[PDB]
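Report on the following structure.
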Amino acid sequence: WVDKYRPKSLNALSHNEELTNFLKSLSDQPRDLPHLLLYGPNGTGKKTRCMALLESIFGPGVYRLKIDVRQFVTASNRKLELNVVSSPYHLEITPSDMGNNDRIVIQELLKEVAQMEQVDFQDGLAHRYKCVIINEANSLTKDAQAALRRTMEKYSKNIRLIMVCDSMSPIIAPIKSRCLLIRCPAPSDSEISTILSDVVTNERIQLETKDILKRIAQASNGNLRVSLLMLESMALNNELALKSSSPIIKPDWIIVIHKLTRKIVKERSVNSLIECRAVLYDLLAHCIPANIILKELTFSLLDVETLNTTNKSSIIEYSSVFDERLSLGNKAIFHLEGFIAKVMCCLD
Amino acid sequence: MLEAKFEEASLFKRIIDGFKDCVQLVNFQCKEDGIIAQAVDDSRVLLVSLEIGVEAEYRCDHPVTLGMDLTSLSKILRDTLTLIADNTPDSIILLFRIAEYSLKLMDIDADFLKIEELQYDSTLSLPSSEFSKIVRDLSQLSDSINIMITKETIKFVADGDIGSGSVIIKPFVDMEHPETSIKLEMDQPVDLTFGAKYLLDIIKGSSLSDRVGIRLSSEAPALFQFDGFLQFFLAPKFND
Amino acid sequence: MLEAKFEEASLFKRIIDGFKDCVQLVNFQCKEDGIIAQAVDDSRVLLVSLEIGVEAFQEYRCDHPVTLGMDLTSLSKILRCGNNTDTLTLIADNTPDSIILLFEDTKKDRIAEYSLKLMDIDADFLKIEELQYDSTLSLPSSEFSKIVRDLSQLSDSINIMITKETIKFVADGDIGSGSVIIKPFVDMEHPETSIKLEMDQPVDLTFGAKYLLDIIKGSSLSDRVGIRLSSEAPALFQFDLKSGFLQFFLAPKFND
Amino acid sequence: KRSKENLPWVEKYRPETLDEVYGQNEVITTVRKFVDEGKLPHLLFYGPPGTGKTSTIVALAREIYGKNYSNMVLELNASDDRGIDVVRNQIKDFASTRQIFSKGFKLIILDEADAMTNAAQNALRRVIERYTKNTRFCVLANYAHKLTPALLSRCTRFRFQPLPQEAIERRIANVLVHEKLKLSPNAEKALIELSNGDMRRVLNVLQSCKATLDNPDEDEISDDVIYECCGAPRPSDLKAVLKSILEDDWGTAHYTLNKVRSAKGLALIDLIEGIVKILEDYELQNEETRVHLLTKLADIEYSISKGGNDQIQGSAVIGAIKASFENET
Amino acid sequence: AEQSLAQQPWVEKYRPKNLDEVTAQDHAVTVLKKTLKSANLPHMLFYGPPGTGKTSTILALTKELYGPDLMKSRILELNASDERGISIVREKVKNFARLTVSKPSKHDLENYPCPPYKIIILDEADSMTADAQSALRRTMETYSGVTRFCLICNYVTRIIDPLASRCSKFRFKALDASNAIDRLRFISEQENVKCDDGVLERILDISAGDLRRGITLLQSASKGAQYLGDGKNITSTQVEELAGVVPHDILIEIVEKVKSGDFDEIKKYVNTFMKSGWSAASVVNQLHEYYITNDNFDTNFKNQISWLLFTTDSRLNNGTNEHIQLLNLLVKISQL
Ligand SMILES: Nc1ncnc2c1ncn2[C@@H]1O[C@H](COP(=O)(O)OP(=O)(O)OP(O)(O)=S)[C@@H](O)[C@H]1O
Ligand SMILES: Nc1ncnc2c1ncn2[C@@H]1O[C@H](COP(=O)(O)OP(=O)(O)OP(O)(O)=S)[C@@H](O)[C@H]1O
Ligand SMILES: Nc1ncnc2c1ncn2[C@@H]1O[C@H](COP(=O)(O)OP(=O)(O)O)[C@@H](O)[C@H]1O
Ligand SMILES: [Mg+2]
Ligand SMILES: [Mg+2]
């Protein structure tokens, strides 16, 4: 499972031995560690490896962290409330929670942390730099990244930025330049199969053979988090007894997207467009991002065998176009619906 | 089972009105000696340590932990007070005229840090009102107050944008008024810097005591001492 | 070098409170005679001119004529940070740099040394107070403030008319109109309440009330304000100090 | 220690009077006739950046009153606050009073009025004409679409034509007389072409070129010095790149572009501008060649304005030029 | 201060301290160095690619001009971290510009040439609003005798036309392996990095127009080599494995898949590729290099593939999905 079964060090990560060796090489000399930016697919263990690196450079007491609340004030009297995951050796921030106020929190909080120093009793003040983790750095606005551009170079002896992100493209070139770029490839089917096997031997799950683990690995597309979360759900659905004939439990939103793809392929009509608009509204209202919605819809429309090469080419072209549009817009549906319309124009 | 009594609510209201602004969740230890409160801020810059003597009725069978919010505490205290709690104190009762106020306890990851009396290169004491006025006057210029203790002279400077302030004071002792006295003991010329927003909040504790002690060391945090005892461990800026 | 040590502390405070919300940037020109300064309004309508000799200072030493410009808001910020029981000492180095204000208590050694970074103002010093005024007068400051802030409630303009041994303040507005007519008279048992007037030609000219309401704020310094009026000339509202004088040159409104 | 020589050449050679303002002869003559005859209407100077608007208005303010203009003239620039409350109080009070210093018509200089809110312009629309026999208004602008039509119609419109070549040669000659220096004719022509009407860039790059000679009293500023100081591509390398792209094949054209842009550290944004400026003179025997040649190159320029890549956009420019130059054959 | 610099990473450790340390732009450093003996310094506008020396050369110039004593009291520095707005530009920038220059001490007046003006450096001025830059116009023109303005940016287009006109422009050239290999050799010699014969060329080629990225890459490679303790040199593939460069064999497999294959095969291979963590920008750049450099294709294909790669890069530079864009680009290049 994702919880209670997780490597809390570098000698425990049982996949991507090359990345573990590189992280050990980086952790060899802690006081000379530059800023790091981890990129790769989702559910790859980037945060786990980052916490393992932190535990490797600092003491083993970095995992006992606590959530604190911070109040900030914008230009107006609008008060904003954020949370910080602080440990005796570092602090974690997810600036994505603010809509368009990432610059304020970034600048004020980072300057406040960089000016003062860390404390003792973990010999009165002497300690090394305090790490600041930035989770989901892609959602940072361009102005927030601009404000962050100078904070790294100005105060480097106190603040080291370890930023986790996926699909590194929405990161400005200066920020891409001023930190190391580390990649985390998804684990192969064999290593993730061993990860699932260790879980099912520790949790005492009743399986017939190892084929089900390989099926789970092939269905999770490489996301270790999804793999563990689906293995647990499948164990719960079959009463801790895994069989060779077990339905792969697809999350609800993927099932809705598949139904929408079937509806698109079958009926290419304006009323069908209104119904798909209703489904898209109902999906977006339950906090599902439009980018991943478009991605899954495109990769499901490309999977139906009823369309030939030309339809798939036009679909992927319209998908790239409308994804670029979505990356430059605020009203999400206004683009998604449009994309669907173009698909309806492509098939017939 | 803990049960303590104050003859007047003023002694407990002024202290909380003093230290309610910086910290919000503080852990209190109750034992035979007195109440020992400890808290660390969110950014780990200022550690607050409060010591309340039992002479200010007291009854505690064993030393216990507790945690209570100061916002609602000042809200209800806007007449003697009695604070009581039973075994496994999931609720603390405050009896005030007869009244009862039950407050719930919050779980705090309060790692008990030791309070040791190390050696300090400089230790001085100056009236609270004068220090609060100096801080409130220097904070208008800059946002970083530098304290420099050299050759039997104390110096509070602040280099701002519109100009620069520099208050130089010498130790003075008076007989006709014992409250206006400035004592100093120095072993090494020191010069540190601190944030003005922290001192702007600390100076509100001027109603707690008539004098304030400033203890400064080379690599150790600054100590702001109010005699109920209350000590602030403030962290400086490294250097530039 | 320039050292100006005052006799008291609140003297400079009261002197600066005259132009609290009247002007922003001033440039004190310090010479061997004393401190002379002038400042033009943000809308360039009224000009404040203050002169304080070596009479108000406890000690005065000016080697060469210096010119120190500064903003009035920062100056008031620095001046409010000093207790009214210490002494005020303006200290300037050889070359004009940030002016040093010094507060020294007379019983306990409390040295408050504030530094105010000077502003670089285009000090285009003119030559005023050298023009003949066709009408001059002098009246108590309390009566003038009363008249001004009583007529300011009925309109925004106030017409002053000096005729043959008569002064007239007229306020014409929307809700109504007011007119105060005073006559020159000199009392012997109370010489401070006397109203003096020397006129050569009849004068009639208007001013704004928003500026008179700020001019009358200088009545906290003296008790007898003088008013010099002339056609095609600014109006001189002068308050006499024990050492110098503070004078406002107000520009008259243009009538159609 | 502050002397007159402690100013950059942009501000060191600011015209003191109207006689030292070159180029805008048609406007300056009529302005001098205005001030001589005595009727100065509400003026609206509209011009590109660096043409002489502010210098002309300050010279006029000097010539009208005297050597002390800031005393009685009120100047509101973009640095000041120009809200509706400002127009209500400050400008309206300055417009409705007499002068403290002299006896004449007051002058309100509203510099960069295009940065004013519509509400402030609407409020000024009435005060500009209510007090006309006492004060005048000068409105300086670079964009004439920010000003409301009402405010724009109440002012005599004077457009500051970009500095023609003759005026810039005159000013360069004046500078080279006031500064010990020598300039080659071809280098002067290159500077003229690089100016693009801007009078400030001329003086800026002239000072920068005087700084890179190691002796400014004998050595003359050659065309190479001017082209190197700003990093602009010389016409020779530009023509070579264009010829290699048009005639040679893909590999050698890419190699030539890379070797030219890496010999002096050139930029694609300047190569594109030079290429379009030299290509707009060709006699294309159709209308569809120019369409693609402009569209693709403008798209590449817009993409470069975001700093995407540096090696993909060069091949993009090469392919765009080649595909455009295919309808001719 | 030497121990703090030694502890600092190589980026800050080897930051240029004088105008002779920046061995990148001999066209812009000489103009600033000759300003020392002179007194006329124009409003500077340093613009160029990320990581070329702007923020370092301005600090080096201010140091060499004023000295570490007067440096704190003679320059104001407004970076993107500070709150730069119309109100701030109107109040604080004008207040500091309309100020009297600080008095230089005898030490500074004797050692360093102290010019009679302060310096306001607005770093990363491409993040300012248009109204702020508009208000800056007369602020940077009236107080020109006591204050100068240095703007720094990556996009000269983002700065309004008046500010670009008034400021003296300085384009910072990109740093390739021809005019920047000396600095990297100096770093490798000062840090005992046992490099290969031509690995620094590959390092500077990977970081296209960037020296800070190359320095960080060299530091990380030296650390990874010293971790094992083997003592052998650092080869080129060892560097480009961690630099994000995709191995040449995988790129050849991609070219073989796109040269012949239907939509489904390319889609499956792109899914398998994106399973691993590869920056789409690097893959597009390597594809462009391999295709344009190659001579086995005709010009009619080269033009179309160049335009396609340009379009894909322009799409990727807007923060879009790397997987979808890469799949679309591969399908498009396959359609040819
Ligand atoms: N016609 C001109 N004759 C001579 N020098 C000129 C002329 N126009 C500009 N200059 C020079 O360029 C400098 C700046 O010109 P300005 O008139 O201040 O620019 P501007 O007209 O205000 O345009 P803006 O306001 O920046 S859009 C002057 O100080 C002169 O050195
Ligand atoms: N010209 C140069 N000479 C020597 N080292 C350089 C040079 N340019 C960059 N570096 C190195 O790269 C580091 C960063 O340089 P910077 O000056 O911050 O780059 P940059 O131009 O500021 O990039 P930005 O700010 O993101 S546009 C320096 O500390 C040096 O280690
Ligand atoms: N080496 C490993 N062994 C076992 N589990 C792992 C390993 N690496 C990652 N995981 C599991 O993956 C889960 C989610 O990883 P996460 O940090 O969310 O990845 P990402 O940072 O890419 O989102 C964790 O709960 C962890 O249990
Ligand atoms: Mg102008
Ligand atoms: Mg920088």
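FYI, nothing fancy with the structure tokens labels: chains A, B, ... in order, residues from 1 per chain, ligands from 1 as they appear.
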Please check which protein, DNA or RNA residues sit within 7 Å of ligand 4, counting only C-alpha atoms and all ligand atoms, and write them as a ChimeraX atom specification. /D:53-54,111-112,140
Would you mind exporting the chosen residues as an mmCIF file, in the first residue's frame, restricted to C-alpha atoms?
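Contents of selection-v4.cif, freshly written:
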data_model
loop_
_atom_site.group_PDB
_atom_site.id
_atom_site.type_symbol
_atom_site.label_atom_id
_atom_site.label_comp_id
_atom_site.auth_asym_id
_atom_site.auth_seq_id
_atom_site.Cartn_x
_atom_site.Cartn_y
_atom_site.Cartn_z
ATOM 1 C CA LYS D 53 8.460 66.821 -27.606
ATOM 2 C CA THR D 54 9.614 67.377 -24.022
ATOM 3 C CA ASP D 111 3.505 65.162 -19.933
ATOM 4 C CA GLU D 112 2.555 61.654 -21.070
ATOM 5 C CA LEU D 140 2.449 65.296 -24.805
#
Write out as a Markdown table a residue-level contact list of chain A versus chain D with cut-off 12 Å: for each qualifying residue the closest pair of atoms and the distance in Å to one decimal, counting only C-alpha atoms, rows sorted by chain and residue number upward.
| residue | atom | partner | partner_atom | distance |
| --- | --- | --- | --- | --- |
| A:169 | CA | D:308 | CA | 10.9 |
| A:170 | CA | D:308 | CA | 11.7 |
| A:171 | CA | D:308 | CA | 11.7 |
| A:172 | CA | D:308 | CA | 9.7 |
| A:173 | CA | D:307 | CA | 8.6 |
| A:174 | CA | D:307 | CA | 10.9 |
What would the file look like if the residues just selected were written as a PDB file, in the first residue's frame with N, CA, C and O atoms?
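The file below, out-v1.pdb, is the result:
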ATOM      1  N   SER A 169       7.582  21.480 -18.662  1.00  0.00           N
ATOM      2  CA  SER A 169       7.500  22.556 -19.651  1.00  0.00           C
ATOM      3  C   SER A 169       7.085  23.924 -19.099  1.00  0.00           C
ATOM      4  O   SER A 169       7.689  24.924 -19.520  1.00  0.00           O
ATOM      5  N   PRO A 170       6.084  24.068 -18.166  1.00  0.00           N
ATOM      6  CA  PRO A 170       5.725  25.395 -17.651  1.00  0.00           C
ATOM      7  C   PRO A 170       6.667  25.900 -16.559  1.00  0.00           C
ATOM      8  O   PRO A 170       6.234  26.381 -15.508  1.00  0.00           O
ATOM      9  N   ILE A 171       7.969  25.792 -16.804  1.00  0.00           N
ATOM     10  CA  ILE A 171       8.994  26.312 -15.908  1.00  0.00           C
ATOM     11  C   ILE A 171       9.896  27.204 -16.748  1.00  0.00           C
ATOM     12  O   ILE A 171      10.479  26.748 -17.739  1.00  0.00           O
ATOM     13  N   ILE A 172       9.999  28.477 -16.365  1.00  0.00           N
ATOM     14  CA  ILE A 172      10.750  29.462 -17.136  1.00  0.00           C
ATOM     15  C   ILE A 172      12.205  29.029 -17.260  1.00  0.00           C
ATOM     16  O   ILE A 172      12.739  28.344 -16.380  1.00  0.00           O
ATOM     17  N   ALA A 173      12.845  29.419 -18.359  1.00  0.00           N
ATOM     18  CA  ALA A 173      14.234  29.036 -18.602  1.00  0.00           C
ATOM     19  C   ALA A 173      15.204  29.459 -17.503  1.00  0.00           C
ATOM     20  O   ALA A 173      16.105  28.665 -17.184  1.00  0.00           O
ATOM     21  N   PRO A 174      15.111  30.655 -16.905  1.00  0.00           N
ATOM     22  CA  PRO A 174      16.054  30.979 -15.818  1.00  0.00           C
ATOM     23  C   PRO A 174      15.954  30.038 -14.630  1.00  0.00           C
ATOM     24  O   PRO A 174      16.984  29.623 -14.081  1.00  0.00           O
TER      25      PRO A 174
END
Measure the distance from CA of residue 2 in chain C to CA of residue 112 in chain E in Å and round it to one decimal.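 We find that CA of residue 2 in chain C and CA of residue 112 in chain E lie 28.1 Å from each other.
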Among range 107-256 of chain D, which ones does DSSP place in strand (DSSP E or B), written as number ranges by chain? D: 107-110, 135-141, 156-159, 183, 221
Just write the chosen residues, C-alpha atoms, as a tab-separated table (two decimals), in the first residue's frame.
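part.tsv, written as the output of this step:
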chain	number	residue	atom	x	y	z
D	107	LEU	CA	1.33	77.14	-18.40
D	108	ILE	CA	0.20	73.63	-17.43
D	109	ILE	CA	2.39	70.93	-18.98
D	110	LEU	CA	0.71	67.51	-18.88
D	135	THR	CA	-3.72	79.36	-18.37
D	136	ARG	CA	-2.83	77.14	-21.32
D	137	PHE	CA	-2.46	73.37	-21.65
D	138	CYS	CA	0.26	71.26	-23.26
D	139	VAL	CA	-0.44	67.55	-23.76
D	140	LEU	CA	2.45	65.30	-24.80
D	141	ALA	CA	1.76	61.81	-26.12
D	156	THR	CA	-4.08	72.18	-31.54
D	157	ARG	CA	-2.55	68.94	-32.84
D	158	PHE	CA	1.17	69.02	-33.68
D	159	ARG	CA	2.78	65.79	-34.87
D	183	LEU	CA	33.35	59.71	-37.67
D	221	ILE	CA	34.87	55.53	-35.30
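Across D:123, D:28, D:7, D:242, the tightest approach to chain E is made by D:7 when counting only C-alpha atoms.
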I'd like the neighbourhood of range 64-75 of chain B as a VMD selection string, where a residue qualifies if any of its atoms comes within 10 Å (using only C-alpha atoms), though same-chain residues fewer than 5 positions away should be ignored. chain B and resid 1 to 2 12 to 14 16 to 17 19 to 21 23 to 31 35 to 37 85 87 to 92 94 101 103 to 108 110
Could you give me, as a list in words, the residues within 9 Å of residue 188 in chain B, counting only C-alpha atoms and dropping anything in the same chain fewer than 6 positions from it?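 Those residues are residues 121, 122, 149, 150, 151, 217 and 218 of chain B.
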Each residue of chain E lying at most 7 Å from ligand 2 should get a row with its shortest atom-to-atom pair and the distance in Å to one decimal, counting only C-alpha atoms and all ligand atoms; could you produce that, ordered by chain and increasing number, as a Markdown table?
| residue | atom | partner | partner_atom_place_in_ligand_line | distance |
| --- | --- | --- | --- | --- |
| E:10 | CA | ligand 2 | 31 (O) | 6.6 |
| E:11 | CA | ligand 2 | 31 (O) | 4.1 |
| E:12 | CA | ligand 2 | 29 (O) | 4.8 |
| E:13 | CA | ligand 2 | 31 (O) | 7.0 |
| E:14 | CA | ligand 2 | 31 (O) | 4.8 |
| E:15 | CA | ligand 2 | 29 (O) | 3.6 |
| E:16 | CA | ligand 2 | 4 (C) | 5.6 |
| E:21 | CA | ligand 2 | 3 (N) | 6.0 |
| E:22 | CA | ligand 2 | 3 (N) | 3.6 |
| E:23 | CA | ligand 2 | 3 (N) | 5.2 |
| E:24 | CA | ligand 2 | 1 (N) | 4.4 |
| E:25 | CA | ligand 2 | 1 (N) | 6.7 |
| E:48 | CA | ligand 2 | 27 (S) | 6.6 |
| E:49 | CA | ligand 2 | 27 (S) | 5.9 |
| E:50 | CA | ligand 2 | 27 (S) | 3.7 |
| E:51 | CA | ligand 2 | 23 (O) | 3.3 |
| E:52 | CA | ligand 2 | 8 (N) | 4.0 |
| E:53 | CA | ligand 2 | 8 (N) | 3.2 |
| E:54 | CA | ligand 2 | 21 (O) | 4.0 |
| E:55 | CA | ligand 2 | 17 (O) | 4.0 |
| E:56 | CA | ligand 2 | 17 (O) | 3.8 |
| E:57 | CA | ligand 2 | 17 (O) | 6.5 |
| E:153 | CA | ligand 2 | 27 (S) | 6.0 |
| E:154 | CA | ligand 2 | 27 (S) | 5.4 |
| E:183 | CA | ligand 2 | 4 (C) | 6.5 |
| E:211 | CA | ligand 2 | 9 (C) | 5.2 |
| E:212 | CA | ligand 2 | 12 (O) | 3.7 |
| E:215 | CA | ligand 2 | 31 (O) | 6.8 |
Can you write just those residues out, N, CA, C and O atoms, as an mmCIF file, in the first residue's frame?
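Generated file (out.cif):
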data_model
loop_
_atom_site.group_PDB
_atom_site.id
_atom_site.type_symbol
_atom_site.label_atom_id
_atom_site.label_comp_id
_atom_site.auth_asym_id
_atom_site.auth_seq_id
_atom_site.Cartn_x
_atom_site.Cartn_y
_atom_site.Cartn_z
ATOM 1 N N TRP E 10 29.182 25.985 -6.657
ATOM 2 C CA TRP E 10 30.112 26.551 -7.631
ATOM 3 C C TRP E 10 29.524 27.761 -8.343
ATOM 4 O O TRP E 10 30.273 28.617 -8.829
ATOM 5 N N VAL E 11 28.194 27.847 -8.428
ATOM 6 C CA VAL E 11 27.554 28.974 -9.106
ATOM 7 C C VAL E 11 27.862 30.276 -8.374
ATOM 8 O O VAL E 11 28.216 31.290 -8.985
ATOM 9 N N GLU E 12 27.727 30.263 -7.046
ATOM 10 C CA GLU E 12 28.024 31.458 -6.261
ATOM 11 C C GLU E 12 29.504 31.530 -5.906
ATOM 12 O O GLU E 12 30.063 32.623 -5.755
ATOM 13 N N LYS E 13 30.151 30.373 -5.751
ATOM 14 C CA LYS E 13 31.570 30.335 -5.409
ATOM 15 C C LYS E 13 32.420 31.067 -6.441
ATOM 16 O O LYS E 13 33.325 31.831 -6.090
ATOM 17 N N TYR E 14 32.140 30.842 -7.721
ATOM 18 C CA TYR E 14 32.912 31.421 -8.814
ATOM 19 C C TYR E 14 32.146 32.541 -9.511
ATOM 20 O O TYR E 14 32.276 32.746 -10.719
ATOM 21 N N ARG E 15 31.337 33.274 -8.756
ATOM 22 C CA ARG E 15 30.660 34.435 -9.312
ATOM 23 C C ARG E 15 31.684 35.531 -9.592
ATOM 24 O O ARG E 15 32.564 35.778 -8.754
ATOM 25 N N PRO E 16 31.623 36.189 -10.748
ATOM 26 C CA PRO E 16 32.613 37.224 -11.063
ATOM 27 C C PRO E 16 32.606 38.347 -10.035
ATOM 28 O O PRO E 16 31.554 38.888 -9.682
ATOM 29 N N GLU E 21 36.693 39.331 -14.631
ATOM 30 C CA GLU E 21 36.303 37.940 -14.439
ATOM 31 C C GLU E 21 35.282 37.491 -15.477
ATOM 32 O O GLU E 21 35.255 36.312 -15.844
ATOM 33 N N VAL E 22 34.440 38.404 -15.957
ATOM 34 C CA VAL E 22 33.445 38.065 -16.968
ATOM 35 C C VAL E 22 34.119 37.982 -18.330
ATOM 36 O O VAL E 22 34.255 38.987 -19.036
ATOM 37 N N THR E 23 34.546 36.783 -18.707
ATOM 38 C CA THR E 23 35.186 36.549 -20.001
ATOM 39 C C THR E 23 34.159 36.098 -21.040
ATOM 40 O O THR E 23 34.313 35.086 -21.727
ATOM 41 N N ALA E 24 33.103 36.883 -21.166
ATOM 42 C CA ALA E 24 32.037 36.527 -22.096
ATOM 43 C C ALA E 24 31.698 37.629 -23.088
ATOM 44 O O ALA E 24 31.483 37.336 -24.268
ATOM 45 N N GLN E 25 31.649 38.888 -22.647
ATOM 46 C CA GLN E 25 31.166 39.999 -23.471
ATOM 47 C C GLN E 25 32.218 41.103 -23.466
ATOM 48 O O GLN E 25 32.174 42.020 -22.644
ATOM 49 N N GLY E 48 19.428 39.844 -22.497
ATOM 50 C CA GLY E 48 19.972 38.650 -23.100
ATOM 51 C C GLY E 48 19.430 37.353 -22.540
ATOM 52 O O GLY E 48 18.579 37.335 -21.646
ATOM 53 N N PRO E 49 19.927 36.234 -23.061
ATOM 54 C CA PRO E 49 19.429 34.917 -22.643
ATOM 55 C C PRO E 49 19.704 34.666 -21.172
ATOM 56 O O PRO E 49 20.545 35.343 -20.563
ATOM 57 N N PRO E 50 19.007 33.705 -20.560
ATOM 58 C CA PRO E 50 19.232 33.418 -19.136
ATOM 59 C C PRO E 50 20.625 32.847 -18.903
ATOM 60 O O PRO E 50 21.083 31.969 -19.638
ATOM 61 N N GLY E 51 21.297 33.356 -17.874
ATOM 62 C CA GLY E 51 22.602 32.855 -17.492
ATOM 63 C C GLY E 51 23.716 33.272 -18.430
ATOM 64 O O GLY E 51 24.390 32.421 -19.014
ATOM 65 N N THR E 52 23.921 34.582 -18.580
ATOM 66 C CA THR E 52 24.995 35.083 -19.426
ATOM 67 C C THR E 52 25.885 36.107 -18.737
ATOM 68 O O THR E 52 26.904 36.494 -19.317
ATOM 69 N N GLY E 53 25.545 36.559 -17.532
ATOM 70 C CA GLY E 53 26.446 37.412 -16.784
ATOM 71 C C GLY E 53 25.914 38.782 -16.419
ATOM 72 O O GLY E 53 26.637 39.577 -15.816
ATOM 73 N N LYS E 54 24.661 39.071 -16.765
ATOM 74 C CA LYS E 54 24.085 40.390 -16.522
ATOM 75 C C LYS E 54 24.067 40.737 -15.038
ATOM 76 O O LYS E 54 24.683 41.724 -14.615
ATOM 77 N N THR E 55 23.355 39.932 -14.244
ATOM 78 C CA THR E 55 23.261 40.177 -12.809
ATOM 79 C C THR E 55 24.621 40.124 -12.127
ATOM 80 O O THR E 55 24.819 40.790 -11.106
ATOM 81 N N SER E 56 25.564 39.358 -12.669
ATOM 82 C CA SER E 56 26.912 39.327 -12.124
ATOM 83 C C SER E 56 27.755 40.514 -12.566
ATOM 84 O O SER E 56 28.490 41.074 -11.744
ATOM 85 N N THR E 57 27.654 40.922 -13.835
ATOM 86 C CA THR E 57 28.478 42.029 -14.307
ATOM 87 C C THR E 57 28.020 43.352 -13.708
ATOM 88 O O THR E 57 28.842 44.243 -13.471
ATOM 89 N N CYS E 153 17.059 42.283 -18.301
ATOM 90 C CA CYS E 153 15.938 41.512 -18.820
ATOM 91 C C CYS E 153 16.410 40.451 -19.805
ATOM 92 O O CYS E 153 17.531 40.489 -20.323
ATOM 93 N N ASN E 154 15.519 39.490 -20.050
ATOM 94 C CA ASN E 154 15.709 38.476 -21.074
ATOM 95 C C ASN E 154 14.951 38.786 -22.355
ATOM 96 O O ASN E 154 15.332 38.288 -23.420
ATOM 97 N N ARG E 183 36.553 29.800 -19.202
ATOM 98 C CA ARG E 183 36.022 29.846 -17.843
ATOM 99 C C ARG E 183 35.814 28.443 -17.287
ATOM 100 O O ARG E 183 36.140 28.173 -16.125
ATOM 101 N N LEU E 211 25.849 29.570 -19.284
ATOM 102 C CA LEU E 211 27.048 29.162 -18.563
ATOM 103 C C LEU E 211 26.751 28.659 -17.157
ATOM 104 O O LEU E 211 27.454 27.773 -16.663
ATOM 105 N N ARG E 212 25.725 29.208 -16.501
ATOM 106 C CA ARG E 212 25.368 28.738 -15.167
ATOM 107 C C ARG E 212 24.922 27.282 -15.198
ATOM 108 O O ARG E 212 25.288 26.492 -14.319
ATOM 109 N N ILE E 215 28.020 25.187 -15.585
ATOM 110 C CA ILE E 215 28.783 25.119 -14.340
ATOM 111 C C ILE E 215 28.118 24.153 -13.367
ATOM 112 O O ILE E 215 28.787 23.347 -12.707
#
What residues have any atom no more than 6 Å from ligand 1 when counting only C-alpha atoms and all ligand atoms, and can you list them as a PyMOL selection string? (chain D and resi 10-11+13-15+21-23+48-55+142+199-200) or (chain E and resi 162)
